[PDB]
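S.K.: Build the 3D model from these lines:
(one chain, ligands or ions: 3)
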Amino acid sequence: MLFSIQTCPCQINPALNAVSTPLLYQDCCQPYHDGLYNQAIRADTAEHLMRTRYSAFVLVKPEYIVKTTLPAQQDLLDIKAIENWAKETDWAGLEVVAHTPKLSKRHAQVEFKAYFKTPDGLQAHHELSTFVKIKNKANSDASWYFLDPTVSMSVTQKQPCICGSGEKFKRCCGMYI
Ligand SMILES: [Cl-]
Ligand SMILES: [Zn+2]
Ligand SMILES: [Zn+2]
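M.R.: Numbers count the residues shown, from 1 in each chain. Ligands and ions are numbered 1, 2, ... in the order given. Provided below are the atomic coordinates:
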């Protein structure tokens, strides 16, 4: 509970000694985690979504990780396995290398390093993640969703994309996963 008043996990960056004080969890990712849990407050950009996901790994909020994954993939995730992996990894920070908000009409990328500690020392996962913007079936509002490249799927290439865009999978999310 008192993580609210400590540095937000996404604000811990071993690659930077900054002048500006890193934001507290309550002032950074917590509104987004709490929002999705109770509800609509949503990440405005793919970079912001990626940060909130990282903080959900560190703080062990696997529900948030599932619900911010492309809806068509969510039933393919194993929330218990996510929960365990999140808990057992000794997270040590986040460095956002680059944000590509206009990768396509409906996609964005975020390149980042997620740091962790091992017997051997400080290590990093260097990742390039892809996100898709999907409209609510509710109002003209849209949200960003993570395209999980690790889940096994048997998708038909010429059929409509799993994101619901109406574009062929191969001319849409299949370009990137
Ligand atoms: Cl499938
Ligand atoms: Zn944060
Ligand atoms: Zn798509």
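S.K.: in the longest strand belonging to the chain, what counts as buried?
M.R.: Ranked by residue count under DSSP state E, the longest strand found in the chain is strand 121-135. Residues of strand 121-135 classed as buried: 124, 129-134 (neighbour count, 16 or more other Cβ atoms under 10 Å). Just so you know, the C-beta spots here come from the backbone N, C-alpha and C atoms, and that holds for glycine as well.
S.K.: Out of those residues, flag the one nearest to ligand 3.
M.R.: Nearest to ligand 3 out of the buried residues of strand 121-135 is residue 132 (Cβ to the ion; 5.4 Å).
S.K.: I figured that closest one hits residue 144, correct?
M.R.: Yes - under the criterion of Cβ atoms under 8 Å, residue 132 is in contact with residue 144, at a separation of 7.2 Å.
S.K.: buried residues in stretch 93-110?
M.R.: Neighbour counts using 16+ other Cβ under 10 Å place 93-96, 99-100, 103-104, 106-110 of stretch 93-110 among the buried residues.
S.K.: And for stretch 58-65?
M.R.: By 16+ other Cβ under 10 Å, the buried positions in stretch 58-65 come out as 58-59, 61-62, 64-65.
S.K.: can you check stretch 12-32 too?
M.R.: 12-13, 22, 24-25, 28-30, 32.
S.K.: Around ligand 3, pick out the residues from the protein.
M.R.: 161, 163, 165, 172-173 (Cβ under 5 Å from the ion).
S.K.: how about a cut-off of 6 Å?
M.R.: For the chain, the contact set with ligand 3 under Cβ under 6 Å from the ion comprises 132, 161, 163, 165, 172-173.
S.K.: and the next element down the chain from the biggest helix by length in the chain?
M.R.: Ranked by residue count, the top helix of the chain under DSSP state H comes out as helix 46-59. Heading C-terminal from helix 46-59, the first helix or strand you meet, by DSSP states H and E, is helix 62-67.
S.K.: The closest residue to residue 168 other than its chain neighbours: what secondary structure?
M.R.: In this structure, residue 168 finds its nearest non-sequential neighbour in residue 158, 5.5 Å apart by Cβ to Cβ, 6 or more residues apart in numbering. Of the three states, residue 158 takes coil under DSSP: H, G, I helix; E, B strand; the rest coil.
S.K.: all helices for this structure, in order.
M.R.: Using DSSP H, the helices of the chain run over 30-38, 46-59, 62-67, 71-74, 79-88.
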